[PDB]
Amino acid sequence: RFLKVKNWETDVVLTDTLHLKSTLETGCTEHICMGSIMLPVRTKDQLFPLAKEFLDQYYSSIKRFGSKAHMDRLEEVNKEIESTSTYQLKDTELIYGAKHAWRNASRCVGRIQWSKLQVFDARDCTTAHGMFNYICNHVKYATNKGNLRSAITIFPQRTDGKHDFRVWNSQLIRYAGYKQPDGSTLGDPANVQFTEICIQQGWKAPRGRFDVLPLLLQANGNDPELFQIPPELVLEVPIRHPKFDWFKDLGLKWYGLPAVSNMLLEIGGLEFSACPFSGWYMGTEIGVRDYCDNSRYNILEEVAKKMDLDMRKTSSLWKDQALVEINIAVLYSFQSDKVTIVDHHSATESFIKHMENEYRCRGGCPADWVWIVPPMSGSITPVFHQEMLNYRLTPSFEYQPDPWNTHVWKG
Amino acid sequence: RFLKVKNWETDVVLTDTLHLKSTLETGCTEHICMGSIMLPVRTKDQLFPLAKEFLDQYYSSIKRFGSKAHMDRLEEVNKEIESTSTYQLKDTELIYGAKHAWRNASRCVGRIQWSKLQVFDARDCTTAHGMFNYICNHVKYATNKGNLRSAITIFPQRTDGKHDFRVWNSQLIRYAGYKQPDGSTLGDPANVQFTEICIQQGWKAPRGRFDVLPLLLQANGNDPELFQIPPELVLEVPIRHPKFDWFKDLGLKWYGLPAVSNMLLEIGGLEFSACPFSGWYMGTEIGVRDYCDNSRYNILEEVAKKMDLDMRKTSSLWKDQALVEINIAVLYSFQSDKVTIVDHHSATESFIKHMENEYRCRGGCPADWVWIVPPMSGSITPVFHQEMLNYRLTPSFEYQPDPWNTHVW
Ligand code: HEM
Ligand code: HEM
Ligand SMILES: C[C@H](O)[C@H](O)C1=Nc2c(nc(N)[nH]c2=O)NC1
Ligand SMILES: C[C@H](O)[C@H](O)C1=Nc2c(nc(N)[nH]c2=O)NC1
Ligand SMILES: NC(=[NH2+])NCCC[C@H](N)C(=O)O
Ligand SMILES: NC(=[NH2+])NCCC[C@H](N)C(=O)O
Ligand SMILES: [Zn+2]
C-alpha cells in the first residue's frame, strides 16, 4: 500500500512505500495518536530472524544479494548463534549498521549527513579506563579544533544483560546541576540527579554554574568509575551579542560538542548499550531549549530586563523578542569562534532536500514532525508545512532506562 | 487501557480514560503515525446506533440516564427513523451537541470557552436569501462592536445529499485573491480560486490588496447565490506598530471576526453541512500564518527591509526578528481598537488550565499537539511541553469537500 505526503507550501506530493518495511510499533492505534508522547535479553528463537533481515539489507546495499558471500555469511551467523547464542558483526556490517541507525532516526533533523559518519569500533574494550580512553579520542577527533566531525564510538554489545557497558552520563559533555537548600538550582537543573550520583561516587564538585561533569563509565557490568575529561579537550564558547555589550556580562557559555551517550543502538538484533555519538549543534537547541526552558537555565526574564522590555503583559511579546536575541547571540558567538553550528532555517531547509531525496531514492524517510520542527519560529521554516510519516526502521537508536535505576551494585 | 500524559516542565501527570469512548479513526496504526497529515448519506441501520449513543450521553449529562424520559426519547427517535429515515433533534439536544462538537475539536486551543457558545437554530431556513439574513445576524451578534462573542448558526441537516445547505466561502469573511498578469498574486493566494468562481459569477472585484469577499450561499441543494455583507457589519483593523511609526505605511489590515464556514457538524449521526462558527483570533493566526506564510501574504522580506536588518544570511535571524515585531503590531492594533484578540502565551496557558479541568471532570481531553502548539515561539508556550493524546469523539466538526467539486449547475 502506498502513502502520500504533501507539502502545503509547495504542493509537492511524495509517495511512501518504505513504511512497508517497518515491523516495529509506533505506540499509536487506529483509535489514538500518541505522536506527542516523548517515550511511547534476546533469545536464539528471536535472534535468527533479526540477523537475517539485517544481512539481507546489508548484502542488497552492496549489490551482492543472493551471492555466495551473502549465503555463506548467513550460514556462518546462524551456526554462531546456535553455537554461542549470539554473533559478532563484521567491521563493514557495523559501519553500515551505525550509519543506517542514524539514517532511520526519525527525530533527527541533521540526517542529510548520515553517510559521512565516522565509526569508531571499540568492541575490544574491556574496562572503564579503556572506555575513558576511547571517549577522549572520540571527543578530540570530533571536536577537530572547532571544525566538528560527526562520529560514534561503539562499545561491546549486550550478552546476558549482566555484563552491560554503559555511559551513565546523558551526554559526554554537560554541565552539573546543584539543588540548593533554599530550593533554587545552581547550574543545569536537567543534570541534578546525575550530579548527585557523581558526588556520591566521589566527585569533588566545584559548585559553579558551568562545571563540566565527569564521565561515569561502566564496563562489563561492573560498578561505574569516575574520570575527568581533559579540560584541553573540552571546547567551550563564551556567549556574546553582536549589538548588546551587556550580554557577555550574563556570564553565559556552552560547550561546542553535543554527544548523546545514553541511547541503545540496535543492529541485526544485537544491542549496543554504550554507543556515544556526536554531530554539531543547531542553534535553537542551546538558545531556545537549554537557555530558555523554564526547567533549564531559564534566562528569559533577565535578558528581557536588560533589554528594558515591557514585561507587564505577555501581549508585548517580551518573551519572544528576548528569545530571538538570545538565539542571535548563540549563533554569533559560535561563528565568531569558528565552531561549527547551524541555524534552524539552514538546518530545516537541508532536511527538506534530504527528505525528498530519500523518497526518490529510498521510497521514503520516517520523520517525527513534533521533533523536527524547531522550538521557535516553527512556521517560517519549511518543515512546518511538510507532512511527515513516522515509523520505526532498524537498525535504530532506542531509549533505555537510566542505569542507576537498574544496576546491581557489587560494592 | 488507562493512558498517562506527562508535562515535562511541571512533571504533572494526568490519566486519560476518555479516549476509551472514542469511536472514529485517527489515521494512524500500530506501525505508522500520520499525526502531521492535514487530512487523514447514512442508512437507517447506520443511524440507529449513533442516535442511541448521543441520547445516551445527552441524558447522562443531565443526570437522567436510564430514566423514563430517556427511554421514551430513544423509542420516539427510534420510531421516527424507521419512518422518515432520520429524525429531528430537540433544541436542547442541538445546543448540547454543538457545544460538545467544539468541546471535542482536538485542534482548537480556545476550548476553555466551550460551554458559553451561543447557538442560532436556523433549521427552519429554506433559501439563499434566508441564509444571507441568518449570516448577517450571526456576524453582527458575534462582532458585538469589538467585544466578540462566540457563536454558531446551524442550517438544515442532510437528507438525501441532493438537498444540502452549504456556504461556499471557507470563512464568512475573507479577502479576495487574484492572479495578476505579473504572474504574481494580488490579494490572498489561498482564495485565488474561490475568488475566480465569484468574479465569474458577476462579482465586480475592486482588485485590491484586502477586498472582503462575497458570500456564495447554497440552500436546499439548489445552485449557490452571491451577496455582499454590509460593510458596516465587517469590523476591520488597521495594522500599525507601537514603535515603528513607519509600520502603518505598509498598508495592511485584517478583519476582526474569524468564522470558519466550510466544515460539517455531526450530531447523533445527523449531518449539518452548513454550520458557520466564530470565536476571536489568537494573534499568531494573522501575524505568523496569514501575513508571513510564503503562500499567503508573504510579507517578511518587505518588513525586514524597512527594519534595515542584515538579510544577507539566515543566521542573523532577520526573519525571526521581523516575525516578532509584526506579531507585536497585530496584537497592538487589535487591542488599540478594542477588538477582542488573545496572544499565544495567554491562549496556551488557558488551554493547559482547560486540559486539567477536562481531565479531572471528564477523564481526558483530545488534543492535536501539531495544531495546538503556536506557529512561533513553540517551546516558550506551556503546551509545547505537554504530552497530548489525539482521538475522535462525537459530536464533532469534520472536514468536507469544497462544494464546487460536488455541485452540478
Ligand atoms: C551532524 C549534525 C547533527 C545535527 C545538526 C543533528 C540535529 C538534531 C537535533 C536538532 C535533534 C533534536 C535534539 C533535541 O531536541 O534534544 C536531533 C535528534 C536526534 N539525532 Fe541528530 N543531529 C546530528 C547528528 C546526529 C548523529 C551523528 C546521530 C547518530 C549517529 C544522530 C541521531 C539522533 C537521534 C537518535 C535523535 C533523537 C535523540 C533523542 O531522542 O533524544 N544525530 N538531532
Ligand atoms: C472563541 C475563541 C476561539 C479561539 C481563541 C479559538 C482558537 C483556535 C485556533 C488558534 C485554531 C487553529 C486555526 C488555524 O490554524 O487555522 C482553532 C481551530 C479550530 N477551532 Fe477554535 N477557537 C475559538 C472558537 C471556536 C469555536 C466557537 C469553535 C466551534 C464551535 C471552534 C472549533 C475549532 C475547530 C473544529 C478547529 C480546527 C479547524 C480546522 O481543522 O481547520 N473554535 N481554534
Ligand atoms: C511533550 C512533547 O513531546 C515534548 O515537550 C517535546 N520535546 C521535544 C520536541 N522536539 C525536539 N527537537 N526536542 C524535544 O525535546 N518536541 C516536543
Ligand atoms: C503539514 C502540517 O500538518 C501543517 O503544516 C500544519 N498546519 C497547521 C498546524 N497548526 C495550526 N494551528 N494550523 C495549521 O494550519 N500545524 C501543522
Ligand atoms: N545536534 C545534536 N547532535 N544534538 C544532540 C542533542 C543535544 C541537546 N539537544 C542539547 O541541547 O544539549
Ligand atoms: N480563532 C479562530 N476562531 N480561528 C479560526 C481560523 C482562522 C484562520 N486561522 C485565520 O487566520 O483566518
Ligand atoms: Zn499517530
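Excluded from the calculations below are hydrogen atoms, water molecules and symmetry mates; all remaining heavy atoms, backbone and side chain alike, are included. The sequence lines fix the lettering, A, B, ..., with proteins before strands; numbering per chain opens at 1. Just follow the structure's listing: the first ligand is 1, and inside any ligand the first atom is 1.
Closest protein heavy atom to atom 9 (N) of ligand 6: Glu285(B) OE1, 2.8 Å. The protein heavy atom nearest to atom 7 (N) of ligand 3 is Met38(A) CE, 3.6 Å. Distance from atom 3 (O) of ligand 3 to its nearest protein heavy atom, with residue and atom name: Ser36(A) O, 2.9 Å. Protein heavy atom closest to atom 10 (N) of ligand 3, with residue, atom name and distance, is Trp371(A) CA, 3.3 Å. Among protein heavy atoms, atom 3 (N) of ligand 6 sits closest to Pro258(B) CG, 3.6 Å. Of all protein heavy atoms, the one lying nearest to atom 11 (C) of ligand 2 is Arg107(B) O, 4.1 Å.
Relative to the six-membered ring of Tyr141(B), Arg149(B) meets both conditions, a distance below 6.0 Å and an angle of at most 45° to the axis. Under a cutoff of 6.0 Å and an axis angle of 45°, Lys6(A) and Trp8(A) form a cation-pi pair.
Heavy atoms of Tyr175(B) come nearer than 4.0 angstrom to ligand 6 in no pair at all. Residue contacts with ligand 2 leave out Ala151(B), since none of its heavy atoms falls under 4.0 Å from the ligand. A heavy-atom separation below 4.0 Å is not found between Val260(B) and ligand 2. In this structure, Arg107(A) falls outside the shell of residues with a heavy atom less than 4.0 angstrom from ligand 3. Ligand 6 does not have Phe277(B) within reach: every non-hydrogen atom of the residue lies 4.0 Å or more from it. Assignment of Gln113(B) to the shell around ligand 2 is not supported, since no heavy atom sits closer than 4.0 Å.
At least one N or O atom of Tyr399(B), backbone or side chain, sits closer than 3.5 Å to an N or O atom of ligand 2. Any N or O atom pair closer than 3.5 Å counts here, and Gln171(B) shares at least one such pair with ligand 6. Taking only nitrogen or oxygen atoms, main chain and side chain alike, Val370(A) reaches within less than 3.5 Å of ligand 3.
Taking all heavy atoms of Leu117(B), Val119(B), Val109(B) into account, the minimum distance to atom 9 (C) of ligand 2 is reached by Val109(B). Within the set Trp371(B), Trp114(B), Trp102(B), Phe351(B), the minimum heavy-atom distance to atom 41 (O) of ligand 2 is found for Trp371(B). Closest to atom 23 (C) of ligand 2 by heavy atom, among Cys108(B), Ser346(B), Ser150(B), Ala105(B), is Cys108(B). Scanning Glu285(A), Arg289(A), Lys6(B), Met34(A) for the heavy atom closest to atom 14 (C) of ligand 3 points to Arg289(A).
Using a 4.0 Å cut-off between charged side-chain N and carboxylate O, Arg111(B) and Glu358(B) make no salt bridge. Salt-bridge annotation for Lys4(B) and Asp16(B): absent, with no side-chain N of the basic residue lying under 4.0 Å from a carboxylate O of the acidic one. Ion pairing between a basic and an acidic side chain is recognised when a charged N comes within 4.0 Å of a carboxylate O; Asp368(B) and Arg392(B) show no such pairing.
At a heavy-atom distance under 4.0 Å, atoms from both the backbone and the side chain of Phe384(B) approach ligand 3. With a 4.0 Å cut-off on non-hydrogen atoms, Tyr291(B) does not touch ligand 6 at all. Contact annotation for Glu285(B) and ligand 2: only side-chain heavy atoms (C-beta onward) come within less than 4.0 Å of the ligand. Using a 4.0 Å cut-off between heavy atoms, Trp280(B) contacts ligand 2 through both its backbone and its side chain. Counting heavy atoms under 4.0 Å from ligand 6, residue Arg174(B) does not touch it at all. The proximity of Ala98(B) to ligand 2, defined as any non-hydrogen pair under 4.0 Å, does not occur for either the backbone or the side chain.
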Practice problem: For the pair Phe397(B) and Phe277(B), evaluate side-chain contact (heavy atoms from CB on, under 4.5 Å) and give the outcome as yes or no after the intermediate values. | Solution: CA-CA 10 Å; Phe397(B) 286 104; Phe277(B) 58 81; 3.7 Å; yes
Practice problem: Would you please test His138(B) and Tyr134(B) for ring pair (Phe, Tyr, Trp, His ring centres under 6.0 Å) and show each step? | Solution: CA-CA 6 Å; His138(B) 173 139; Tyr134(B) 266 106; over 10 Å; no
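Under the rule for a ring pair (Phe, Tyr, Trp, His ring centres under 6.0 Å), the partners of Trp369(B) that lie at least two apart in sequence or sit in another chain are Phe384(B).
Listed by number with element, the atoms of ligand 3 under 4.0 Å from a non-hydrogen atom of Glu387(B) are 1 (C). Those atoms of ligand 3 that come under 4.0 Å of a heavy atom in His385(B), given as number and element, are 1 (C), 5 (O).
A donor-acceptor pair under 3.5 Å is absent between the side-chain atoms of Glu285(B) and the main chain of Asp290(B), judged by distance alone.
Under the 3.5 Å distance criterion, with hydrogens and angles disregarded, no donor-acceptor pair is assigned to the side chains of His344(A) and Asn327(A).
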